[PDB]
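Let me begin by presenting the structure, written as structure tokens, before commenting on it.
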Amino acid sequence: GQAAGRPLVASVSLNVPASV
Amino acid sequence: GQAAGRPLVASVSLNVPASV
Amino acid sequence: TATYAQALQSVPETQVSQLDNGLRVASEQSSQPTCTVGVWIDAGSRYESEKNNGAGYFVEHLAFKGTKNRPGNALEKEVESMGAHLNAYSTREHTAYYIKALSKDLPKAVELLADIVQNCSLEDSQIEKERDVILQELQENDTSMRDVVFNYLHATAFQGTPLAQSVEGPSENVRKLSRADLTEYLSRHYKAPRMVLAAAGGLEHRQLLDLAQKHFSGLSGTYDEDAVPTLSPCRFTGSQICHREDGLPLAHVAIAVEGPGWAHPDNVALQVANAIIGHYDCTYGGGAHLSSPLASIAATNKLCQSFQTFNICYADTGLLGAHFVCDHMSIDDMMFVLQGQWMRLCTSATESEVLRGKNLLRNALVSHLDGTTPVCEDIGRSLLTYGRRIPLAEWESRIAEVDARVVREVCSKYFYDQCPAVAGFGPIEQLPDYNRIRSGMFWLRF
Amino acid sequence: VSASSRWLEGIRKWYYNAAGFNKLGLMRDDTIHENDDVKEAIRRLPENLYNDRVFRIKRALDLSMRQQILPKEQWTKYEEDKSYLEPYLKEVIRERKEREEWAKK
Amino acid sequence: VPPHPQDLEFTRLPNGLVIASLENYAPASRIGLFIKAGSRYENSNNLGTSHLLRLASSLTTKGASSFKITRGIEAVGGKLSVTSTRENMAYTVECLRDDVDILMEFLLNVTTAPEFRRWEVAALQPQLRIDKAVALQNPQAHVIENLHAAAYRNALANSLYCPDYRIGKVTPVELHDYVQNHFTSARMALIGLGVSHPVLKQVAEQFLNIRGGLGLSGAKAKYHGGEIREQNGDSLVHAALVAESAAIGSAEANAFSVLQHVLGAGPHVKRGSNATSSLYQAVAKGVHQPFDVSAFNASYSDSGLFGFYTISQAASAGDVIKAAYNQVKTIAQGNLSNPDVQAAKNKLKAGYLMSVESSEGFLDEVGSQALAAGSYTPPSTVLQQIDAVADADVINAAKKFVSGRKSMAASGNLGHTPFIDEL
Amino acid sequence: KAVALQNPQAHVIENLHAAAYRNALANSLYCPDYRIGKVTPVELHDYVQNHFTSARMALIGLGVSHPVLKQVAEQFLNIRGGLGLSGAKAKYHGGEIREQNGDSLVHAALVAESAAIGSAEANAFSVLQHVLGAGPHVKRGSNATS
């Protein structure tokens, strides 16, 4: 399940790896 | 006279700077 | 079936005549349909004091802005009625206007040129507009680093003389130039003994002579009173100028020594010597197999982005040297290699490299004069500098007489143990001290 | 297979076995002394031949460290020794001699 | 007077090769070899092959090594150059009269028998990043390449330079295939200025005939149109709006050239006001800021682009584009004066004549005519054809422009540039 | 940005929005490369000053008492008035963006304008999404009902 279905969200944190 | 008006050409030489 | 010497002998000869007012009319017939006709004038920034510096550039700006008989922007339309190209330029010792057009437009085209260099109206509103435009150009000229470095080299090399003054002049002078100053400049410098009317293309000499007699007989050539601006010898100074701007990515450096002058026999030998050193750019295709040691070393070791050699001539003086653009961590290497090559030429030159340089100069001379504008430029500059156009056969005769001994003697005369002039702009913290540059102009082994 | 040829080849095979580098799995070209011509030739080798040369040399240095040799089955047979490096070195030498010949004129 | 200029000798060999010579008696000689090996003949799996092939002229060949070629060319002071448009490649060699025989040996070795060794080709890869970067210092190159990408779909969309992702990925097999498929006798022309006809004929028969074995044919140009907008926050906004016009060597091409010179194609005077230029005067009436505009034309063997190019500040881009579009519309409706048509015709004639005065321009024109039509047309016939154009055909060309699918490209601070639908 | 842009879906979806819209929703979540190093403190001040206001904010809390949150809001988030910057409505355009990069696989997205959130039509679109097939439910499954 690699195809995108929902719009992007960008995450940033002080002490956690970022994610998309 | 800065606007392009003719199709571009690429020149490469052994002992001259290249130009466009 | 033909040969090099036979081909050189077959070029048609330039024909020169002189009118009564002092004007000189030169032309060279050819079979092409087009032609180029222009007026060269012996008046530049060198004939200007500090009070009126930049007057010539200002007048050159206002040339194509209407006259007494073609007011406003009518003159421009006339040129574009016939699809001709009207161009001009100004330097430290010469000025030129010229038109490229067809043969059929030779009568009309000449009639325009005589209009330009006699009846400059100089409308006051146009003066104000061109003042604003020139101020904008002076502000924008700081972006070109090569031209900045060449102006610095001139200013430091010929300090305290007219040759220090730049063509455009200081920004303060242009703000105060009045119509009185421009009229005085035109009335003093634009005169028939100092003008040359050159042409080249499809035409016949007598037709141009008759048209000149029609449209240029009104020029005065009496040299009113003792108003005869004559040049004087200019002092050369070994010195350094350094503008430190660490924000820029690349460093520009230009180094020079005093040259022989326009009409010296030595110049040909120098033109051979520079051809041995050559030039290089980062986009060249030869790579590491290039004949010049400096170019091959710079290509393999990435010493610089580009370099070139120059020999700029004036009346009884000139600059002879090199200019390179390089990284801020490579200036010592480039200076070392350049001075080593100069000392190599001075002390030990062989036959093969001199033959290569002679062939390069032959090919450059042949290829540069191929058209109508370069031939007309050659006639115009020759008639003011030498007093006559040198045929290509004489150039071949002069070039063929150079050998290793002549190159060694000339280079030892002009380069070895001489005080140079140095100009640097940008991140130039690694540029050597002037004592180190000076000490690099000789060898202890020799 | 004439009189002198088989005698010459017999002496060459004798010397080959006497040299003994085959006992470490090496080939002849692995043992050449690295000068500038050889460094350039090695530089021009394709990926696979380079990697094989690397592993053979590494295994031989490991054996020499342990003062051992391979079993007799794994020795490099004289007839299967491939001169993989010879054509590159030959071209590099030809180019350098051309340069040297141009420097005389 | 000098000897009369001899006629340009022209020949087409049975294998398809074209040989042309002109025996003047200048001190120098210039020999050119023209091939139909432009960037349009690349497919999508070998993009950037032509760019690398242009820079690989100095590499080792079967005839001689790189060292020998470079040193021999520079020893006699000769000059070797390569040029490439979207449709053609041109290898030119210039030297003195008594040095062609040496240099003729080098040129064919560059063309008819390269090697493309692995290490040599690998060492040349980073150069593709340098040269392209230099070519991208001028915004016009970027905008024109994007415009070609937007207008066309398959053939003429290929850039002149390598895609940035594919630098370092071009292998010797691609180069070998490209040369083996595109460098053939039926697609070549050999032009000479300063050498006799039998010498060139002997050289071509000895060497260039064996190269025959004509290969691929190429695609056809598919016009689609579109937009490409690339924002980069520069001081001035560049833009170009074009449409499908015509094919070169056709009746309508002359009409489009005349229309180009009616509208304006840059200044004929140093720091001129462009008083005769209709577009500049139309735009300058409303916009009171510095700007620039010109007509753009580009014809190829099967399709062509006609339109206009503008440079203007970010706030005033829409005003400039709208004004220029309005002016072309008014010309299309019928408002055109015969004196202006004649002035444009004179501009066209003067420009065409003055273009071919030099040896470089003459050789380029002769080679282009030889590849395109396979026959030499003297200047007089071209002048007659230019005069033959009727003033109604210019109106027809303007109508073809105004009622066609536009294609736009732009660059800069695109905060106020319009889209195609807004115009 | 580089860490984010090694998923091809993020590239594609950002280009999809750039192609769909003329303004506001066309903007990317990540900074354009040419702007890296050019964003100034003044721009950050203006953005906070004209977007971080009371009428544009919501304070949500799990595991917290209501009087505490109300006290914090009344004490410290009363100096954020001054609404403004109505922005601009998103004008759907249409278009296509194609990125030749020679990746192993081709990623493609094709869309049209559908409906604003909160409308009844959006529920119909969500149901259409799950009729066509949104994502897999079974590990290494064939997507039988898709």
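Residue numbering restarts at 1 for every chain of the structure tokens, chains are lettered A, B, ... in their displayed order, and ligands are numbered from 1 as they appear.
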#### Entry: Sel. of strand (DSSP E or B) residues, region 368-441 of chain C, as a PyMOL selection string
chain C and resi 421-426
Least-squares superpose chain A on chain B across all ordered C-alpha pairs, then write out what you get as a PDB file with N, CA, C and O atoms, in the first residue's frame.
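Below you can see part-v2.pdb, which holds the result:
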ATOM      1  N   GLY A   1      18.856  45.146 -26.188  1.00  0.00           N
ATOM      2  CA  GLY A   1      18.307  44.055 -26.971  1.00  0.00           C
ATOM      3  C   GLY A   1      18.601  42.699 -26.366  1.00  0.00           C
ATOM      4  O   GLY A   1      19.403  41.936 -26.902  1.00  0.00           O
ATOM      5  N   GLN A   2      17.944  42.405 -25.242  1.00  0.00           N
ATOM      6  CA  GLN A   2      18.136  41.153 -24.523  1.00  0.00           C
ATOM      7  C   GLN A   2      17.103  40.089 -24.861  1.00  0.00           C
ATOM      8  O   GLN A   2      17.362  38.906 -24.623  1.00  0.00           O
ATOM      9  N   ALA A   3      15.948  40.469 -25.397  1.00  0.00           N
ATOM     10  CA  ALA A   3      14.919  39.489 -25.711  1.00  0.00           C
ATOM     11  C   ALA A   3      15.381  38.567 -26.832  1.00  0.00           C
ATOM     12  O   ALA A   3      16.006  39.004 -27.801  1.00  0.00           O
ATOM     13  N   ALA A   4      15.079  37.279 -26.690  1.00  0.00           N
ATOM     14  CA  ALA A   4      15.422  36.315 -27.724  1.00  0.00           C
ATOM     15  C   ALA A   4      14.527  36.503 -28.940  1.00  0.00           C
ATOM     16  O   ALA A   4      13.357  36.871 -28.812  1.00  0.00           O
ATOM     17  N   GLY A   5      15.099  36.282 -30.124  1.00  0.00           N
ATOM     18  CA  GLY A   5      14.365  36.372 -31.374  1.00  0.00           C
ATOM     19  C   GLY A   5      14.463  35.149 -32.261  1.00  0.00           C
ATOM     20  O   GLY A   5      13.537  34.875 -33.029  1.00  0.00           O
ATOM     21  N   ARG A   6      15.557  34.403 -32.155  1.00  0.00           N
ATOM     22  CA  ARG A   6      15.884  33.281 -33.022  1.00  0.00           C
ATOM     23  C   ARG A   6      16.241  32.079 -32.159  1.00  0.00           C
ATOM     24  O   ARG A   6      16.656  32.244 -31.007  1.00  0.00           O
ATOM     25  N   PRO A   7      16.090  30.856 -32.674  1.00  0.00           N
ATOM     26  CA  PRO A   7      16.319  29.679 -31.828  1.00  0.00           C
ATOM     27  C   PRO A   7      17.778  29.528 -31.431  1.00  0.00           C
ATOM     28  O   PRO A   7      18.692  30.020 -32.094  1.00  0.00           O
ATOM     29  N   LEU A   8      17.979  28.816 -30.328  1.00  0.00           N
ATOM     30  CA  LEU A   8      19.294  28.705 -29.718  1.00  0.00           C
ATOM     31  C   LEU A   8      20.266  27.937 -30.603  1.00  0.00           C
ATOM     32  O   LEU A   8      19.880  27.107 -31.426  1.00  0.00           O
ATOM     33  N   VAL A   9      21.547  28.242 -30.420  1.00  0.00           N
ATOM     34  CA  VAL A   9      22.656  27.534 -31.048  1.00  0.00           C
ATOM     35  C   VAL A   9      23.726  27.357 -29.983  1.00  0.00           C
ATOM     36  O   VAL A   9      24.041  28.308 -29.263  1.00  0.00           O
ATOM     37  N   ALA A  10      24.281  26.152 -29.879  1.00  0.00           N
ATOM     38  CA  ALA A  10      25.279  25.817 -28.870  1.00  0.00           C
ATOM     39  C   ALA A  10      26.619  25.550 -29.538  1.00  0.00           C
ATOM     40  O   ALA A  10      26.716  24.681 -30.408  1.00  0.00           O
ATOM     41  N   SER A  11      27.650  26.276 -29.107  1.00  0.00           N
ATOM     42  CA  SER A  11      28.974  26.239 -29.713  1.00  0.00           C
ATOM     43  C   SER A  11      29.991  25.686 -28.725  1.00  0.00           C
ATOM     44  O   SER A  11      29.964  26.024 -27.539  1.00  0.00           O
ATOM     45  N   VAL A  12      30.877  24.827 -29.222  1.00  0.00           N
ATOM     46  CA  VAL A  12      31.954  24.235 -28.436  1.00  0.00           C
ATOM     47  C   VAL A  12      33.200  24.181 -29.305  1.00  0.00           C
ATOM     48  O   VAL A  12      33.116  23.905 -30.505  1.00  0.00           O
ATOM     49  N   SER A  13      34.357  24.438 -28.699  1.00  0.00           N
ATOM     50  CA  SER A  13      35.601  24.590 -29.436  1.00  0.00           C
ATOM     51  C   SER A  13      36.765  24.035 -28.629  1.00  0.00           C
ATOM     52  O   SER A  13      36.704  23.912 -27.405  1.00  0.00           O
ATOM     53  N   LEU A  14      37.840  23.710 -29.347  1.00  0.00           N
ATOM     54  CA  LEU A  14      39.026  23.140 -28.718  1.00  0.00           C
ATOM     55  C   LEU A  14      39.823  24.193 -27.953  1.00  0.00           C
ATOM     56  O   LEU A  14      40.344  23.911 -26.869  1.00  0.00           O
ATOM     57  N   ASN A  15      39.941  25.402 -28.505  1.00  0.00           N
ATOM     58  CA  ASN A  15      40.812  26.444 -27.964  1.00  0.00           C
ATOM     59  C   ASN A  15      40.125  27.801 -28.005  1.00  0.00           C
ATOM     60  O   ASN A  15      40.760  28.827 -28.260  1.00  0.00           O
ATOM     61  N   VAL A  16      38.817  27.820 -27.757  1.00  0.00           N
ATOM     62  CA  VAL A  16      38.029  29.056 -27.722  1.00  0.00           C
ATOM     63  C   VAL A  16      36.905  28.886 -26.713  1.00  0.00           C
ATOM     64  O   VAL A  16      36.364  27.782 -26.558  1.00  0.00           O
ATOM     65  N   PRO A  17      36.546  29.954 -25.978  1.00  0.00           N
ATOM     66  CA  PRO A  17      35.426  29.820 -25.036  1.00  0.00           C
ATOM     67  C   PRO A  17      34.123  29.456 -25.732  1.00  0.00           C
ATOM     68  O   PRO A  17      33.812  29.947 -26.818  1.00  0.00           O
ATOM     69  N   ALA A  18      33.355  28.589 -25.078  1.00  0.00           N
ATOM     70  CA  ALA A  18      32.059  28.192 -25.599  1.00  0.00           C
ATOM     71  C   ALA A  18      31.073  29.351 -25.504  1.00  0.00           C
ATOM     72  O   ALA A  18      31.282  30.324 -24.775  1.00  0.00           O
ATOM     73  N   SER A  19      29.984  29.237 -26.258  1.00  0.00           N
ATOM     74  CA  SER A  19      29.000  30.304 -26.342  1.00  0.00           C
ATOM     75  C   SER A  19      27.645  29.708 -26.685  1.00  0.00           C
ATOM     76  O   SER A  19      27.540  28.549 -27.093  1.00  0.00           O
ATOM     77  N   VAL A  20      26.609  30.524 -26.503  1.00  0.00           N
ATOM     78  CA  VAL A  20      25.230  30.120 -26.746  1.00  0.00           C
ATOM     79  C   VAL A  20      24.508  31.223 -27.510  1.00  0.00           C
ATOM     80  O   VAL A  20      24.171  31.062 -28.683  1.00  0.00           O
TER      81      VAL A  20
END
### Task
Could you please select, counting only C-alpha atoms, the residues of chain D within 12 Å of chain E and state them as a PyMOL selection string?
chain D and resi 40-47+88+91-92+94-103+105
Please write the residues from the selection above to a file, keeping C-alpha atoms, as a PDB file, in the first residue's frame.
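In the end it all went to selection13.pdb:
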ATOM      1  CA  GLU D  40      47.789   4.123 -14.572  1.00  0.00           C
ATOM      2  CA  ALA D  41      47.205   0.679 -16.107  1.00  0.00           C
ATOM      3  CA  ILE D  42      45.676  -0.604 -12.851  1.00  0.00           C
ATOM      4  CA  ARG D  43      43.501   2.511 -12.802  1.00  0.00           C
ATOM      5  CA  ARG D  44      42.129   1.666 -16.243  1.00  0.00           C
ATOM      6  CA  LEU D  45      41.036  -1.889 -15.320  1.00  0.00           C
ATOM      7  CA  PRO D  46      37.286  -2.664 -15.276  1.00  0.00           C
ATOM      8  CA  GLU D  47      35.472  -3.269 -11.995  1.00  0.00           C
ATOM      9  CA  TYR D  88      46.631  -1.714 -20.683  1.00  0.00           C
ATOM     10  CA  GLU D  91      48.992   1.197 -24.310  1.00  0.00           C
ATOM     11  CA  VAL D  92      50.143   3.423 -21.428  1.00  0.00           C
ATOM     12  CA  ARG D  94      53.012   3.649 -26.070  1.00  0.00           C
ATOM     13  CA  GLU D  95      51.363   6.911 -25.040  1.00  0.00           C
ATOM     14  CA  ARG D  96      54.263   7.968 -22.834  1.00  0.00           C
ATOM     15  CA  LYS D  97      56.759   7.251 -25.599  1.00  0.00           C
ATOM     16  CA  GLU D  98      54.696   9.370 -27.988  1.00  0.00           C
ATOM     17  CA  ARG D  99      54.847  12.237 -25.478  1.00  0.00           C
ATOM     18  CA  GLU D 100      58.616  11.782 -25.073  1.00  0.00           C
ATOM     19  CA  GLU D 101      59.077  11.776 -28.856  1.00  0.00           C
ATOM     20  CA  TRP D 102      57.151  15.038 -29.156  1.00  0.00           C
ATOM     21  CA  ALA D 103      59.355  16.634 -26.485  1.00  0.00           C
ATOM     22  CA  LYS D 105      61.419  17.978 -31.736  1.00  0.00           C
TER      23      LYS D 105
END
### Task
Check region 15-246 of chain E with DSSP on the backbone and list each residue it calls alpha helix (DSSP H), as number ranges by chain.
E: 49-55, 66-75, 100-112, 118-123, 127-135, 139-151, 172-182, 197-203
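Rounded to one decimal, CA of residue 171 (chain C) and CA of residue 92 (chain C) lie 17.4 Å from each other.
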### Message
Excluding region 369-381 of chain C and its own-chain neighbours fewer than 5 positions away, which residues fall within 7 Å of it when counting only C-alpha atoms? Please give them as a PyMOL selection string.
### Response
(chain C and resi 35-36+40+196+198-201+389) or (chain E and resi 357-358)
Those same residues - C-alpha atoms - I'd like them written as an mmCIF file, in the first residue's frame.
data_model
loop_
_atom_site.group_PDB
_atom_site.id
_atom_site.type_symbol
_atom_site.label_atom_id
_atom_site.label_comp_id
_atom_site.auth_asym_id
_atom_site.auth_seq_id
_atom_site.Cartn_x
_atom_site.Cartn_y
_atom_site.Cartn_z
ATOM 1 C CA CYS C 35 29.378 48.060 -47.176
ATOM 2 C CA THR C 36 30.427 49.796 -43.970
ATOM 3 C CA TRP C 40 37.071 57.949 -36.768
ATOM 4 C CA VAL C 196 39.386 59.972 -40.927
ATOM 5 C CA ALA C 198 36.879 55.193 -43.886
ATOM 6 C CA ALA C 199 34.778 52.866 -46.007
ATOM 7 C CA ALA C 200 34.925 49.237 -47.052
ATOM 8 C CA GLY C 201 32.752 46.978 -49.155
ATOM 9 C CA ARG C 389 47.543 51.109 -43.697
ATOM 10 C CA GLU E 357 29.174 38.517 -45.476
ATOM 11 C CA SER E 358 31.566 36.578 -43.233
#
### Task
Quote the spacing between CA of residue 151 (chain C) and CA of residue 434 (chain C) in Å to one decimal place.
19.4 Å
